[PDB]
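Protein chains: 2
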Amino acid sequence: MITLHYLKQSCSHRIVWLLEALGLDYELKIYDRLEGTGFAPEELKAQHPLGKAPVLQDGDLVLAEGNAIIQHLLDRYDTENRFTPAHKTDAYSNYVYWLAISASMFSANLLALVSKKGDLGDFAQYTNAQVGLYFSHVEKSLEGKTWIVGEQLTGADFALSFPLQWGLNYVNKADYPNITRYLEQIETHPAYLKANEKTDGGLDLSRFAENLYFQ
Amino acid sequence: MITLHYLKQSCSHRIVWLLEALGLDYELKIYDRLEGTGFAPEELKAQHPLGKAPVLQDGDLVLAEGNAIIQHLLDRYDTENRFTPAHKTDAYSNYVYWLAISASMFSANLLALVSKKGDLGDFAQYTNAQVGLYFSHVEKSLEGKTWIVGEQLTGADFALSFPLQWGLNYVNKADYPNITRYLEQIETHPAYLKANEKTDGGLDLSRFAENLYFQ
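So, in structure tokens, the structure goes:
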């Protein structure tokens, strides 16, 4: 019933982490990035009008967008609400907040990188400072907390994992001890280790390159 | 109980549209963009660690991020579920999908613009093509539909309004008749007209400039 189209070295990995955490059966189709550019190959691009991974098929539905896929999977398959806070609470509101932040952070990663590549001058420093602001905010928000919302592992942690992993390449990781602790907690989470097994090694965090911010 | 910190000519406007659609009482604090740069003024930046608008205070909660604020408001105040589809349906999944797309589209708007400003060469055409892909996808998806999910006006329409309004400045609006029709439907929606009244004219779509993509 469920098929995930998965691009190596991408935001697809957090979706496999979630699928494993939910204990779901699914078909996994794995695609390699094109050499040099890092772009999605034409066979993956064909799966969705935007041409990006991840793409989740569920019955007749074809979804893209990490946050959308996360919320879809939780809505249909997390019947115990293991990964969503109780509704009408500050925890629930913070949960949808950190989902939104995850997407904004990725955009910030992307933008500062591009501003550096091309020459933008002062604007390049403006965009670099934005990445710093997001990392500061997550770092401070993790103080005294196991997961981003608090004691409960939620859809937001699945979402946030990737832009933090990617973004650390553009900031000084030594400045963010809470984030470092948090990422180690994610990367050794048993469902995350299972995700690595299913994907022939999930993210190779050691083999990071600038082109990994695009598709 | 609720205070909205609102930046003129920004993604804050869709939040006022939603507040009016929900019939909520709230305090509205309006800030002008700084001249030349278009940046948020220091008084607004002080409201939240990321320094961007909109910022919603609700009791002891201080939220940022359009999608987060939308989902928070619907969770607490849309008890009739006027603006969310029934759960565990394709409509619900498409609703959270179009929320995610809204954020991605804004990022695409931003990125292509910056790639043009600086000189990025072929990469500039790559990013410009992405904006085209998002606009094509919304345009095609509106075919045969009143609102983005279908017959039901949802949180996704509130979200999408802004990146479409902004993005039209970087594409040829004549190529997107469904989007044009859809934006006219939004811009004459009675709650949107009320939003304009409360904000001394909401978005001045006629006074658009490149700096409006930043804060």
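These protein sequence lines are chains A and B, in that order. By the numbering used here, the letter at position 165 of the first sequence is numbered 165, and the numbering carries on one by one without gaps. If you want the numbering used here, it's the position in the second sequence, counting the first as 1, plus 1000. Where is the CB? At the ideal position from N, CA and C, for every residue including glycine.
- In the displayed model, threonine 3 of chain A falls within a strand according to three-state DSSP.
- Around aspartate 1119 of chain B, the beta-carbon contacts reaching into chain A at under 7 Å are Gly118, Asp119.
- When DSSP states are grouped into helix, strand and coil, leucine 111 of chain A belongs to the helix group.
- About 6 Å separates the CB atoms of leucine 164 of chain A and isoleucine 179 of chain A; that is less than 8 Å, so the two are in contact.
- Less than 8 Å divides the Cβ of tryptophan 1017 of chain B from the Cβ of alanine 1191 of chain B.
- Your pair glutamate 20 of chain A and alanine 156 of chain A does not check out as a contact, with CB atoms roughly 17 Å apart and the cut at 8 Å.
- If you look at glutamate 27 of chain A, you'll find it in the beta strand (DSSP E) that goes 27-31.
- Using a Cβ-Cβ distance cut-off of 8 Å, the stretch 39-54 of chain A and the stretch 109-127 of chain A are not in contact, since fewer than three pairs of beta carbons, one from each stretch, lie closer than that value.
- By the CB criterion at 8 Å, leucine 160 of chain A and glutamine 9 of chain A fall outside the cutoff.
- When the Cα atoms are used, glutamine 152 of chain A and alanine 64 of chain A turn out to be separated by approximately 26 Å.
- Note that the stretch 1105-1121 of chain B touches the stretch 108-122 of chain A; at least 3 beta-carbon pairs, one per stretch, sit closer than 8 Å.
- For chain B, the residues of the stretch 52-81 of chain A that bring a beta carbon within less than 7 Å of one of its beta carbons are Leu61, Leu63, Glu65, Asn67, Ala68, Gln71, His72, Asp75, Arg76, in chain order.
- For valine 1131 of chain B, the enclosing alpha helix (DSSP H) starts and ends at 1122-1141.
- Taking a Cβ-Cβ cut-off of 7 Å, the neighbours of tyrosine 1097 of chain B in chain A comprise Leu63, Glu65, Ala68, given in sequence order.
- Here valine 149 of chain A has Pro85, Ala91, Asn94, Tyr95, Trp98, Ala156 as same chain residues with Cβ atoms under 7 Å from its own Cβ, once five neighbours each way along the sequence are excluded.
- Taking 8 Å as the cut-off, the beta carbon of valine 1114 of chain B is found no closer than this to the beta carbon of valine 1171 of chain B.
- Shortest Cα-Cα distance from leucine 205 of chain A to any of A:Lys198, A:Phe214, A:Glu184 involves A:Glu184.
- Chain A has a Cβ within less than 8 Å of the Cβ of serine 1093 of chain B.
- Under the three-state reduction of DSSP, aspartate 1060 of chain B is assigned to coil, being neither helix nor strand.
- Distance between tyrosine 1026 of chain B and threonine 1199 of chain B, taken at the CA atoms: about 13 Å.
- Counting the other Cβ atoms within 10 Å of the Cβ of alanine 1209 of chain B gives fewer than 16, which makes it exposed.
- For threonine 1037 of chain B, the number of other beta carbons within 10 angstroms of its own is below 16, and it is reported as exposed.
- With a contact defined as Cβ atoms closer than 8 Å, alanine 1100 of chain B and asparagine 169 of chain A miss out at about 24 Å.
- Under the 8 Å criterion on CB atoms, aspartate 90 of chain A is classed as interfacial with respect to chain B.
- Secondary structure at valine 1016 of chain B: helix, using DSSP grouped into helix, strand and coil.
- Note: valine 1055 of chain B is bridge-paired with B:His1005, B:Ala1064 in the DSSP secondary-structure output.
- A buried status is given to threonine 154 of chain A, since no fewer than 16 other beta-carbon atoms sit within 10 Å of its beta-carbon.
- Spatial neighbours of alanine 103 of chain A in its own chain (CB-CB distance under 7 Å, excluding positions within 5 residues in sequence) are listed in chain order as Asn67.
- Around the Cβ of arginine 1181 of chain B, a 10 Å sphere holds fewer than 16 other Cβ atoms; the residue is exposed.
- With the criterion set as a beta carbon lying under 8 Å from some beta carbon of chain A, the stretch 1148-1169 of chain B has no members that meet it.
- The alpha-carbon of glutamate 35 of chain A is positioned some 27 Å away from that of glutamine 57 of chain A.
- Within 9 Å of the CB of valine 1114 of chain B, the CB atoms of chain A belong to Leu111, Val114, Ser115, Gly118, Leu120, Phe123, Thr127, in sequence order along the chain.
- In the assembly as shown, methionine 1001 of chain B is an exposed residue. Its beta-carbon has fewer than 16 other beta-carbons within 10 Å.
- Residue range 155-167 is occupied by the alpha helix (DSSP H) that includes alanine 159 of chain A.
- For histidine 1137 of chain B, the neighbours in chain A by C-beta distance under 8 Å run, in chain order, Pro49, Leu50.
- In the same chain as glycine 1167 of chain B, and ignoring 5 residues on each side of it, the C-beta atoms closer than 7 Å to its own belong to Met1105, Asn1109, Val1131, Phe1135, in chain order.
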